[PDB]
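**Student:** Pasting a structure here, questions to come.
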Amino acid sequence: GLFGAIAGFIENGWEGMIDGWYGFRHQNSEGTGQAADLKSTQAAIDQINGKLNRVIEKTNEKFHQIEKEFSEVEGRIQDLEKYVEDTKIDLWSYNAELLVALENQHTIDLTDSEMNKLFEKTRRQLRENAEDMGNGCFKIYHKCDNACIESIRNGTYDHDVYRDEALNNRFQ
Amino acid sequence: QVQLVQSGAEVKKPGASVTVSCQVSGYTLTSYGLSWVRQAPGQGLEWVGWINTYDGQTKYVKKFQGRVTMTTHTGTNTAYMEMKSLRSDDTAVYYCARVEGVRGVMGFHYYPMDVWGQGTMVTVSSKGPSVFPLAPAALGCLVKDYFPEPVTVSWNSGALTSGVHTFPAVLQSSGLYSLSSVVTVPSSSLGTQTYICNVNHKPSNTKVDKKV
Amino acid sequence: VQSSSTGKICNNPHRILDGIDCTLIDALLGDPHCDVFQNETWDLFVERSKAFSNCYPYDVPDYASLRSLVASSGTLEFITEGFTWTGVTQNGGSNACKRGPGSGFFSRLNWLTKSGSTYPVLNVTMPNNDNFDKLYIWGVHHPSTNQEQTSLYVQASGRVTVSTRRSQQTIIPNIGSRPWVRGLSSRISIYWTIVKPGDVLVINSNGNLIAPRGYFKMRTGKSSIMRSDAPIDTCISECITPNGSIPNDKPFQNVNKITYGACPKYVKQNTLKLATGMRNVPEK
Amino acid sequence: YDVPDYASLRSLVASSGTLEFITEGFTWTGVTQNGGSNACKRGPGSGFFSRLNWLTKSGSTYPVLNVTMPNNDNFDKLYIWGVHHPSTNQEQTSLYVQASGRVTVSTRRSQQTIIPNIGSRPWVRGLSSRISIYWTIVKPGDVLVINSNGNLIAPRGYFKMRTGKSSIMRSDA
Amino acid sequence: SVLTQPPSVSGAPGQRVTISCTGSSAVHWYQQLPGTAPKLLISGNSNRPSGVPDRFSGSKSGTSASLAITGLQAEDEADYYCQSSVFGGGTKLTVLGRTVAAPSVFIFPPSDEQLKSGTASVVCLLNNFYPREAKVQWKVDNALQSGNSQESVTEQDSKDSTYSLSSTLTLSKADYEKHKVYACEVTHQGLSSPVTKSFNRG
Ligand SMILES: *[C@@H]1O[C@H](CO)[C@@H](O[C@@H]2O[C@H](CO)[C@@H](O[C@@H]3O[C@H](CO[C@H]4O[C@H](CO[C@H]5O[C@H](CO)[C@@H](O)[C@H](O)[C@@H]5O[C@H]5O[C@H](CO)[C@@H](O)[C@H](O)[C@@H]5O)[C@@H](O)[C@H](O[C@H]5O[C@H](CO)[C@@H](O)[C@H](O)[C@@H]5O)[C@@H]4O)[C@@H](O)[C@H](O[C@H]4O[C@H](CO)[C@@H](O)[C@H](O)[C@@H]4O)[C@@H]3O)[C@H](O)[C@H]2NC(C)=O)[C@H](O)[C@H]1NC(C)=O
Ligand SMILES: *[C@@H]1O[C@H](CO)[C@@H](O[C@@H]2O[C@H](CO)[C@@H](O[C@@H]3O[C@H](CO[C@H]4O[C@H](CO)[C@@H](O)[C@H](O)[C@@H]4O)[C@@H](O)[C@H](O[C@H]4O[C@H](CO)[C@@H](O)[C@H](O)[C@@H]4O)[C@@H]3O)[C@H](O)[C@H]2NC(C)=O)[C@H](O)[C@H]1NC(C)=O
Ligand SMILES: *[C@@H]1O[C@H](CO)[C@@H](O[C@@H]2O[C@H](CO)[C@@H](O[C@@H]3O[C@H](CO[C@H]4O[C@H](CO)[C@@H](O)[C@H](O)[C@@H]4O)[C@@H](O)[C@H](O[C@H]4O[C@H](CO)[C@@H](O)[C@H](O)[C@@H]4O)[C@@H]3O)[C@H](O)[C@H]2NC(C)=O)[C@H](O)[C@H]1NC(C)=O
Ligand SMILES: *[C@@H]1O[C@H](CO)[C@@H](O)[C@H](O)[C@H]1NC(C)=O
Ligand SMILES: *[C@@H]1O[C@H](CO)[C@@H](O)[C@H](O)[C@H]1NC(C)=O
Ligand SMILES: *[C@@H]1O[C@H](CO)[C@@H](O)[C@H](O)[C@H]1NC(C)=O
């Protein structure tokens, strides 16, 4: 949550969203509609799908090792074997703990960043025609029908042809 | 030769604690796990618990949790099962049986009990067999409401041997046993004379001689 | 963290060898009830807790080392060599190690006793003309009484020296009473020698020699030994623990620190959750 | 004295975490017990280690000691015994009628035999002779047999072995 | 896990007996001879241990295992359990000798002592009936009652090679007095027309 989008200014998730991870809910004269953003969801999923194969490539293959369970008490050599195994176990347990903590932190920051990136991309499409209400939801200042909305979601929103009407609505 | 030799029969009193032992022979105790299995008199086997010799970890049934403890004395190749807070329902024959797995697995999941001990009769109860007559031919004695099963019924101990039928004891919701023993008699002999049935009950130590 | 196991050992892709009642060393020496293990090979030798010895009471100084190297070799393939013991009686046996109905001995060891009334100083040799190491398992007999020592070996105190070009190993048997094991107070001490290619083995003994009958063909590979009572199963798994086979899809495991194969790493934690989603902020 | 594998014995004694010594009844027939020396002065007179029994010849003979102790308890027993290396052959035959004794201590699973030697050694506290300290661990249900024909520094009992969180540290703090 | 098992198969020497068990989840079959510790008969649902005759066999199909004894001898008659931890209900294997007979019914009125005990026990006896699979339906005031009768059958007697049953049910002291006439209605294979023997106090 480094960017304050998720659990920040969005303030709420959408349990009704099953199409993807990030998406839009629009409301205009025609009526409320909902869609999912495939590009951001795919980017986040792609960055998450591995994330453990990129550090621990795979399981290495160990065949013959030392004895790790002993019946009698020998002394020096058994002490050394027990010490070596305990040291290895402690070091690998620490590696696991730290790796999982780092990966979880980065995953959370990554998804937050994807949400923020989608918000900023949308805000940059609506140059002057819309105002950010602050709850993660844009107020667009002109007649924007479903074709308009799907152009916003598409990334081909033509801001120039609504600029005059939007500016007149905003600043009166 | 592999042998499991158990303790002698124990007679206790409700609320006490009992300790049964199992001495193994012909193999090393720590090579095999050891299950304990009870059998109430005529009520089928019931798995009590399992001791992992060589590391001492146990597994009891939820019905016996907390009031049964299993230990192994590896010096004498012996295992002990103690049952605390004895009840009347705990009167049963207890068997120690040998199970195979002790390292990597809990043996009783995957292996059978291939060697059994002779079992010890732990009887925690005592109740007198009430005797009633049965006359209308045929005539008999009804033995009722005694807990420990082994009870013998004779008729003058030398009189009646043919025509007598000893129905094995039956349960009751109260947990006490009851049986009957009836003998046919010639129709002339039913009115001239009667017979006497001797009901002998060793655990309650009661010998009751009653007529018809 | 993979923290559970199926409880059974998958018999593929690894050549598992369940040792029923036989330890690795007992199968090596040739214990009668281990005769089924002659010439066996394995990727993992699974050694059951119920294994017991039923032959002449022996003892292996540095038992762990011999067990380790035999397990690593991964085979019990025994090649009989022609040893020429002149002036001694071969194929000694005892009633503690009953093969068939009568007395017997380890099948891979030759108990040499006096012939007639003499015991010559045995001095034999075998060259290693092959390009693999040879493993020779020999022994030294420790009798219980001096009467037994002189009755089997005319010398009052024999000795056994086994040597190669690079190393030598000499044992002075002692005579003394020992704890009663299977009806005997005498012991065998098991020693081994590895003859590398192009080397020579010389056995010089004046008594108390439990000679070898041949050599075990040593190998190098992915073989090991495990102590486990888990039952073998017909299934596929790359990672075997004493608790059975476990899946190696997760990177860490908490089942057992003793592993074989492509196994995950053992960690002390029973659970480690890796986030594969975003921060969860639900409605209300 | 001298402890072959001194580190191992120190380690296992430290790990056991106790010096609790249970005296057992050993029956040494035909030998003199409680030998001592002026190098180890207990009280005003000669003495020895309190946990070791120095057995010498009785009269003019030294029989082949052959004793046993079973482990009928459910804990390991630690037996500390020794072998005496005399300085001169005269001393060897004067203490032990045999010209060369030996000491074999054995259990069902392992055995350990020592052939004492006779030779002069560096002068330590007035003596050129040594004791070599060996130990044996008798697991529950096992037996200990001590067979010696000379040069035996026998045990007086066993140290009750334990398992726990004990260790040893070298520090002047 | 719960184990189920078909109980009390009465068979003759020399035949084949099949015992079932339906594990709901390694099943092993044990035999308890009368007055002897149980014995392992088969492990792994198929494998037989050392010392058992080859006539014992096991077969697992899905979630139901079965144990088959062929040409059974005298020593095979015992009680058989399946085990998987939990045991099975038990299955008694008796011996059966062939001797056709017909039941002889007697009715014994309850004694006075059990009336004052608060537990009035009424018993009816059938002597020397051969099939041993007959079921007797009790009837009080010509009205059938169930869940109260306890049945007990003796073994095969070499003298007669037939079987006897004593069925008994109990009533409360108030319940005993209210009822008028007591009887037990018998249904038998060797006996065609069901027989009634009743009684009343007096
Ligand atoms: C996979 O398989 C492995 C192997 O089977 C499983 O590992 C076993 O798991 C169980 C369950 O978790 C463990 O049992 C638990 O033990 C604790 C105490 O453990 C400590 O002691 C253990 C045993 O020590 C005895 O035995 C060893 C070996 O013989 C011996 O060296 C010891 O000196 C001691 O011997 C004494 O007892 C013998 C038998 O009576 C005598 O012969 C002898 O003379 C002595 O008197 C010890 O193993 C354990 O752990 C050590 O080793 C493990 C390796 O597994 C390592 O990780 C540890 O760090 C240690 O080094 C400890 O030292 C016990 O408190 C538990 O009891 C719980 O439950 C009971 C009721 O059931 C409660 O009363 C308790 O309060 C508590 O709740 C439990 O019994 C077992 O110890 C462990 N190891 C072995 C070798 O079996 C593993 O679980 C499997 N995993 C899966 C996923 O299946
Ligand atoms: C040096 O000192 C050691 C130790 O003191 C001696 O070793 C003992 O030697 C004796 C015989 O010399 C051994 O006695 C034998 O023990 C066998 C094992 O018995 C044990 O186990 C059985 C169960 O199988 C128990 O019933 C029994 O109580 C023991 O616990 C017995 O099977 C032998 O019995 C045979 O001989 C007797 C003799 O009458 C017959 O009655 C029997 O039927 C059978 O034929 C026998 O009793 C003893 O076990 C040894 N102990 C140890 C620890 O090794 C050395 O002998 C001694 N040496 C010298 C030179 O002095
Ligand atoms: C094999 O070879 C070895 C080595 O050569 C011999 O070992 C030596 O043996 C002699 C006696 O046999 C030892 O001499 C004794 O040394 C004691 C230690 O003295 C040292 O330390 C003191 C301080 O306490 C110094 O003052 C001294 O200079 C030494 O550095 C002395 O205390 C002994 O003195 C006693 O005897 C003398 C004899 O006259 C008296 O004057 C004294 O008052 C006192 O009673 C004695 O001198 C010597 O230490 C041994 N050396 C080693 C290295 O062990 C073996 O004897 C030899 N064996 C054979 C069979 O040949
Ligand atoms: C979205 O844009 C693409 C190209 O910019 C166009 O082909 C498509 O018709 C637009 N509308 C959709 C996909 O609904
Ligand atoms: C073992 O193998 C060797 C050579 O491969 C052969 O000579 C010998 O007969 C074999 N023995 C057995 C028991 O298979
Ligand atoms: C040491 O303890 C043992 C048993 O605990 C006892 O017999 C002995 O007398 C004790 N000795 C001392 C010096 O405390």
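By convention in this document, the chains of the structure tokens carry letters A, B, ... by their order, each chain's residues are numbered from 1, and ligands are numbered from 1 in the order they are shown.
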Could you pull out the residues sitting within 9 Å of ligand 4, using only C-alpha atoms and all ligand atoms, and write them as a PyMOL selection string?
**Tutor:** chain A and resi 147+150-151+153-156
**Student:** Quick check for you: according to DSSP on this backbone, which residues of stretch 164-273 of chain C are classed as strand (DSSP E or B)? Reply as an mmCIF file with N, CA, C and O atoms, in the first residue's frame.
**Tutor:**
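The result, stored in part-v4.cif:
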```cif
data_model
loop_
_atom_site.group_PDB
_atom_site.id
_atom_site.type_symbol
_atom_site.label_atom_id
_atom_site.label_comp_id
_atom_site.auth_asym_id
_atom_site.auth_seq_id
_atom_site.Cartn_x
_atom_site.Cartn_y
_atom_site.Cartn_z
ATOM 1 N N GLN C 168 47.763 -50.713 5.342
ATOM 2 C CA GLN C 168 47.784 -52.000 6.009
ATOM 3 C C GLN C 168 46.925 -51.916 7.253
ATOM 4 O O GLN C 168 46.680 -50.837 7.792
ATOM 5 N N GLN C 169 46.470 -53.076 7.711
ATOM 6 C CA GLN C 169 45.489 -53.114 8.785
ATOM 7 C C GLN C 169 45.667 -54.439 9.504
ATOM 8 O O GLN C 169 45.405 -55.493 8.923
ATOM 9 N N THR C 170 46.130 -54.385 10.743
ATOM 10 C CA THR C 170 46.471 -55.576 11.500
ATOM 11 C C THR C 170 45.664 -55.637 12.784
ATOM 12 O O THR C 170 45.465 -54.624 13.458
ATOM 13 N N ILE C 171 45.184 -56.831 13.099
ATOM 14 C CA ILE C 171 44.315 -57.068 14.238
ATOM 15 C C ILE C 171 44.912 -58.189 15.066
ATOM 16 O O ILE C 171 45.278 -59.241 14.526
ATOM 17 N N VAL C 181 25.331 -64.003 23.707
ATOM 18 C CA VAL C 181 24.461 -63.620 22.604
ATOM 19 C C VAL C 181 24.217 -64.859 21.760
ATOM 20 O O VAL C 181 25.154 -65.397 21.163
ATOM 21 N N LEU C 184 26.520 -67.905 22.505
ATOM 22 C CA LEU C 184 27.963 -67.818 22.347
ATOM 23 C C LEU C 184 28.519 -66.639 23.122
ATOM 24 O O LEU C 184 27.872 -65.597 23.235
ATOM 25 N N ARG C 187 33.084 -63.762 19.532
ATOM 26 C CA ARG C 187 32.623 -62.729 18.618
ATOM 27 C C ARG C 187 33.376 -62.818 17.304
ATOM 28 O O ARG C 187 34.428 -63.442 17.204
ATOM 29 N N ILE C 188 32.812 -62.178 16.289
ATOM 30 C CA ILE C 188 33.506 -61.872 15.048
ATOM 31 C C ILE C 188 33.623 -60.362 14.966
ATOM 32 O O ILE C 188 32.674 -59.648 15.295
ATOM 33 N N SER C 189 34.783 -59.877 14.562
ATOM 34 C CA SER C 189 34.974 -58.469 14.267
ATOM 35 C C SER C 189 35.113 -58.320 12.766
ATOM 36 O O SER C 189 35.934 -59.001 12.151
ATOM 37 N N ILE C 190 34.315 -57.442 12.182
ATOM 38 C CA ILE C 190 34.228 -57.310 10.737
ATOM 39 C C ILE C 190 35.025 -56.093 10.307
ATOM 40 O O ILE C 190 34.756 -54.975 10.754
ATOM 41 N N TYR C 191 36.008 -56.312 9.446
ATOM 42 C CA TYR C 191 36.795 -55.245 8.863
ATOM 43 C C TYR C 191 36.647 -55.316 7.356
ATOM 44 O O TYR C 191 36.215 -56.327 6.803
ATOM 45 N N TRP C 192 36.996 -54.226 6.689
ATOM 46 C CA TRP C 192 36.907 -54.176 5.244
ATOM 47 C C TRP C 192 38.157 -53.529 4.682
ATOM 48 O O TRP C 192 38.864 -52.795 5.371
ATOM 49 N N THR C 193 38.424 -53.831 3.420
ATOM 50 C CA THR C 193 39.544 -53.255 2.696
ATOM 51 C C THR C 193 39.076 -52.927 1.293
ATOM 52 O O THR C 193 38.345 -53.710 0.688
ATOM 53 N N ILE C 194 39.485 -51.780 0.778
ATOM 54 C CA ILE C 194 39.148 -51.385 -0.579
ATOM 55 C C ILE C 194 40.415 -51.429 -1.411
ATOM 56 O O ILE C 194 41.380 -50.712 -1.130
ATOM 57 N N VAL C 195 40.416 -52.274 -2.427
ATOM 58 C CA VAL C 195 41.546 -52.426 -3.328
ATOM 59 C C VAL C 195 41.218 -51.650 -4.592
ATOM 60 O O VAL C 195 40.333 -52.039 -5.360
ATOM 61 N N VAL C 200 47.089 -54.394 -5.077
ATOM 62 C CA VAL C 200 47.178 -55.795 -4.691
ATOM 63 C C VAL C 200 46.686 -55.933 -3.262
ATOM 64 O O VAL C 200 46.847 -55.015 -2.453
ATOM 65 N N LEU C 201 46.076 -57.071 -2.950
ATOM 66 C CA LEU C 201 45.645 -57.398 -1.601
ATOM 67 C C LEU C 201 46.484 -58.563 -1.112
ATOM 68 O O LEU C 201 46.606 -59.570 -1.814
ATOM 69 N N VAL C 202 47.053 -58.437 0.080
ATOM 70 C CA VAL C 202 47.781 -59.525 0.715
ATOM 71 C C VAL C 202 47.144 -59.788 2.066
ATOM 72 O O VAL C 202 46.991 -58.867 2.875
ATOM 73 N N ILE C 203 46.770 -61.037 2.304
ATOM 74 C CA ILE C 203 46.220 -61.474 3.578
ATOM 75 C C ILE C 203 47.247 -62.392 4.215
ATOM 76 O O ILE C 203 47.555 -63.459 3.672
ATOM 77 N N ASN C 204 47.776 -61.984 5.362
ATOM 78 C CA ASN C 204 48.762 -62.754 6.102
ATOM 79 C C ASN C 204 48.204 -62.993 7.491
ATOM 80 O O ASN C 204 48.023 -62.047 8.262
ATOM 81 N N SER C 205 47.931 -64.248 7.814
ATOM 82 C CA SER C 205 47.318 -64.548 9.095
ATOM 83 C C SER C 205 47.945 -65.792 9.685
ATOM 84 O O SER C 205 48.244 -66.740 8.962
ATOM 85 N N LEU C 209 41.370 -65.971 11.564
ATOM 86 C CA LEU C 209 41.004 -65.284 10.335
ATOM 87 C C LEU C 209 39.646 -65.775 9.864
ATOM 88 O O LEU C 209 39.434 -66.980 9.715
ATOM 89 N N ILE C 210 38.730 -64.841 9.642
ATOM 90 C CA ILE C 210 37.477 -65.117 8.948
ATOM 91 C C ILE C 210 37.658 -64.512 7.563
ATOM 92 O O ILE C 210 37.388 -63.339 7.332
ATOM 93 N N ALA C 211 38.123 -65.332 6.635
ATOM 94 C CA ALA C 211 38.596 -64.849 5.358
ATOM 95 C C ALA C 211 37.438 -64.447 4.456
ATOM 96 O O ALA C 211 36.304 -64.867 4.663
ATOM 97 N N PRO C 212 37.696 -63.615 3.459
ATOM 98 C CA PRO C 212 36.669 -63.332 2.460
ATOM 99 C C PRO C 212 36.559 -64.456 1.448
ATOM 100 O O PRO C 212 37.479 -65.252 1.261
ATOM 101 N N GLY C 214 35.333 -63.457 -1.685
ATOM 102 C CA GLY C 214 35.408 -62.731 -2.936
ATOM 103 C C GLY C 214 35.411 -61.247 -2.652
ATOM 104 O O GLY C 214 35.883 -60.811 -1.605
ATOM 105 N N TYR C 215 34.873 -60.481 -3.586
ATOM 106 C CA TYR C 215 34.806 -59.041 -3.410
ATOM 107 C C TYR C 215 33.445 -58.514 -3.821
ATOM 108 O O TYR C 215 32.771 -59.084 -4.678
ATOM 109 N N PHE C 216 33.053 -57.407 -3.210
ATOM 110 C CA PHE C 216 31.854 -56.691 -3.604
ATOM 111 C C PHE C 216 32.229 -55.600 -4.590
ATOM 112 O O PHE C 216 33.074 -54.752 -4.301
ATOM 113 N N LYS C 217 31.605 -55.629 -5.758
ATOM 114 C CA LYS C 217 31.910 -54.664 -6.804
ATOM 115 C C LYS C 217 31.416 -53.296 -6.365
ATOM 116 O O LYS C 217 30.209 -53.056 -6.304
ATOM 117 N N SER C 224 21.543 -44.598 -1.523
ATOM 118 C CA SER C 224 21.603 -44.256 -0.112
ATOM 119 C C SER C 224 20.804 -45.285 0.672
ATOM 120 O O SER C 224 20.279 -46.248 0.114
ATOM 121 N N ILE C 225 20.724 -45.076 1.977
ATOM 122 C CA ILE C 225 19.983 -45.946 2.876
ATOM 123 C C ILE C 225 19.139 -45.078 3.791
ATOM 124 O O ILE C 225 19.538 -43.975 4.173
ATOM 125 N N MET C 226 17.953 -45.569 4.124
ATOM 126 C CA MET C 226 17.023 -44.834 4.961
ATOM 127 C C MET C 226 16.431 -45.776 5.992
ATOM 128 O O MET C 226 16.199 -46.949 5.703
ATOM 129 N N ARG C 227 16.202 -45.267 7.192
ATOM 130 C CA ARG C 227 15.528 -46.012 8.247
ATOM 131 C C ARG C 227 14.083 -45.544 8.297
ATOM 132 O O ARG C 227 13.808 -44.412 8.702
ATOM 133 N N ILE C 232 5.913 -49.547 1.299
ATOM 134 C CA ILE C 232 6.129 -49.231 -0.106
ATOM 135 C C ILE C 232 4.784 -49.202 -0.811
ATOM 136 O O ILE C 232 3.831 -49.867 -0.392
ATOM 137 N N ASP C 233 4.696 -48.424 -1.884
ATOM 138 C CA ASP C 233 3.463 -48.261 -2.630
ATOM 139 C C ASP C 233 3.786 -48.128 -4.109
ATOM 140 O O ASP C 233 4.900 -47.773 -4.497
ATOM 141 N N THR C 234 2.796 -48.417 -4.939
ATOM 142 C CA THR C 234 2.930 -48.312 -6.388
ATOM 143 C C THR C 234 2.441 -46.929 -6.790
ATOM 144 O O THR C 234 1.240 -46.699 -6.932
ATOM 145 N N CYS C 235 3.379 -46.015 -6.990
ATOM 146 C CA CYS C 235 3.078 -44.609 -7.206
ATOM 147 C C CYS C 235 4.352 -43.894 -7.626
ATOM 148 O O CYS C 235 5.446 -44.457 -7.581
ATOM 149 N N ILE C 236 4.187 -42.661 -8.090
ATOM 150 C CA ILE C 236 5.274 -41.859 -8.635
ATOM 151 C C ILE C 236 5.547 -40.722 -7.666
ATOM 152 O O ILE C 236 4.627 -39.989 -7.289
ATOM 153 N N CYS C 239 10.489 -37.404 -4.132
ATOM 154 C CA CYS C 239 11.029 -37.046 -2.829
ATOM 155 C C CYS C 239 10.528 -38.029 -1.785
ATOM 156 O O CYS C 239 9.316 -38.157 -1.583
ATOM 157 N N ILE C 240 11.458 -38.685 -1.097
ATOM 158 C CA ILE C 240 11.150 -39.698 -0.098
ATOM 159 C C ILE C 240 11.698 -39.241 1.243
ATOM 160 O O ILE C 240 12.864 -38.855 1.340
ATOM 161 N N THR C 241 10.866 -39.284 2.268
ATOM 162 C CA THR C 241 11.278 -39.040 3.637
ATOM 163 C C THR C 241 10.974 -40.306 4.423
ATOM 164 O O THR C 241 10.268 -41.180 3.913
ATOM 165 N N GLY C 244 7.387 -41.255 4.327
ATOM 166 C CA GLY C 244 6.776 -41.556 3.053
ATOM 167 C C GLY C 244 7.195 -40.564 1.990
ATOM 168 O O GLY C 244 8.033 -39.693 2.206
ATOM 169 N N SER C 245 6.610 -40.726 0.816
ATOM 170 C CA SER C 245 6.898 -39.818 -0.276
ATOM 171 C C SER C 245 6.081 -38.547 -0.121
ATOM 172 O O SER C 245 4.938 -38.583 0.338
ATOM 173 N N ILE C 246 6.674 -37.419 -0.494
ATOM 174 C CA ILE C 246 5.949 -36.152 -0.434
ATOM 175 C C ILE C 246 6.053 -35.430 -1.771
ATOM 176 O O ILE C 246 7.026 -35.626 -2.509
ATOM 177 N N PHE C 252 9.477 -25.658 0.196
ATOM 178 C CA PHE C 252 9.905 -26.007 1.540
ATOM 179 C C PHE C 252 9.016 -27.108 2.088
ATOM 180 O O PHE C 252 7.873 -27.267 1.663
ATOM 181 N N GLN C 253 9.547 -27.866 3.039
ATOM 182 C CA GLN C 253 8.785 -28.935 3.660
ATOM 183 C C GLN C 253 9.093 -28.990 5.143
ATOM 184 O O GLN C 253 10.171 -28.599 5.587
ATOM 185 N N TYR C 260 15.437 -37.834 0.530
ATOM 186 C CA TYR C 260 16.123 -38.481 -0.576
ATOM 187 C C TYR C 260 15.425 -38.090 -1.865
ATOM 188 O O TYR C 260 14.200 -38.181 -1.958
ATOM 189 N N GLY C 261 16.199 -37.662 -2.850
ATOM 190 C CA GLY C 261 15.657 -37.296 -4.136
ATOM 191 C C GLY C 261 15.538 -35.799 -4.308
ATOM 192 O O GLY C 261 16.157 -35.004 -3.603
ATOM 193 N N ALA C 262 14.713 -35.414 -5.275
ATOM 194 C CA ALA C 262 14.445 -34.004 -5.544
ATOM 195 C C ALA C 262 13.451 -33.509 -4.510
ATOM 196 O O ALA C 262 12.251 -33.421 -4.760
ATOM 197 N N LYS C 265 13.372 -28.039 0.668
ATOM 198 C CA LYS C 265 14.249 -27.785 1.798
ATOM 199 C C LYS C 265 13.474 -27.882 3.100
ATOM 200 O O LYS C 265 12.305 -27.507 3.171
ATOM 201 N N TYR C 266 14.126 -28.388 4.135
ATOM 202 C CA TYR C 266 13.490 -28.537 5.432
ATOM 203 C C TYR C 266 13.591 -27.235 6.207
ATOM 204 O O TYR C 266 14.677 -26.665 6.334
#
```
**Student:** 8 Å from ligand 1 is the threshold here; counting only C-alpha atoms and all ligand atoms, which polymer residues fall inside it? Answer as a PyMOL selection string.
**Tutor:** (chain A and resi 69-72) or (chain B and resi 30+52-59+71-74+102-106) or (chain C and resi 3-5+7+241-243+254-257) or (chain D and resi 74-76+139-140+163)
**Student:** Please identify all protein, DNA and RNA residues within 6 Å of ligand 5, counting only C-alpha atoms and all ligand atoms, and report them as a VMD selection string.
**Tutor:** chain C and resid 38 to 39 77 to 79
**Student:** Can you build me a table of chain D residues sitting at most 6 Å from ligand 2, with the closest atom pair per residue and its distance in Å to one decimal, using only C-alpha atoms and all ligand atoms, sorted by chain and residue number, as a Markdown table?
**Tutor:**
```
| residue | atom | partner | partner_atom_place_in_ligand_line | distance |
| --- | --- | --- | --- | --- |
| D:66 | CA | ligand 2 | 1 (C) | 4.7 |
| D:67 | CA | ligand 2 | 2 (O) | 5.4 |
| D:68 | CA | ligand 2 | 4 (C) | 5.0 |
| D:143 | CA | ligand 2 | 53 (C) | 6.0 |
```
**Student:** Provide the atom CA of residue B:148 to atom CA of residue B:203 distance in Å, to one decimal place.
**Tutor:**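 According to the coordinates, atom CA of residue B:148 and atom CA of residue B:203 are separated by 6.5 Å.
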**Student:** Neighbours of ligand 3 at 9 Å or closer, counting only C-alpha atoms and all ligand atoms: which residues, as a ChimeraX atom specification?
**Tutor:** /D:87-88,119-128
**Student:** I need the chosen residues saved as a PDB file, in the first residue's frame, with C-alpha atoms.
**Tutor:**
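Generated output (result_24.pdb):
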```pdb
ATOM      1  CA  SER D  87      56.932 -47.718  34.441  1.00  0.00           C
ATOM      2  CA  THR D  88      59.086 -50.822  34.951  1.00  0.00           C
ATOM      3  CA  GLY D 119      57.614 -48.095  29.630  1.00  0.00           C
ATOM      4  CA  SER D 120      59.008 -44.982  31.224  1.00  0.00           C
ATOM      5  CA  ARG D 121      57.074 -41.765  30.724  1.00  0.00           C
ATOM      6  CA  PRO D 122      57.640 -38.100  31.614  1.00  0.00           C
ATOM      7  CA  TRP D 123      57.856 -37.484  35.330  1.00  0.00           C
ATOM      8  CA  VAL D 124      54.505 -36.128  36.509  1.00  0.00           C
ATOM      9  CA  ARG D 125      53.968 -35.609  40.250  1.00  0.00           C
ATOM     10  CA  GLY D 126      56.656 -38.141  41.122  1.00  0.00           C
ATOM     11  CA  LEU D 127      55.501 -40.973  38.852  1.00  0.00           C
ATOM     12  CA  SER D 128      56.431 -42.336  35.444  1.00  0.00           C
TER      13      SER D 128
END
```
**Student:** Could you list, as a list in words, all protein and nucleic acid residues with an atom at most 8 Å from ligand 6, counting only C-alpha atoms and all ligand atoms?
**Tutor:**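 So, counting only C-alpha atoms and all ligand atoms, the residues near ligand 6 are residues 20, 21, 22 and 23 of chain D.
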**Student:** Can you work out the spacing between atom CA of residue E:62 and atom CA of residue E:23 in Å, to one decimal?
**Tutor:**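 Distance between the two atoms: 9.4 Å.
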**Student:** Nearest to residue E:177 among E:135, E:197, E:92, E:116, with distances taken over only C-alpha atoms: which residue is it?
**Tutor:**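 The closest residue to residue E:177 is E:116.
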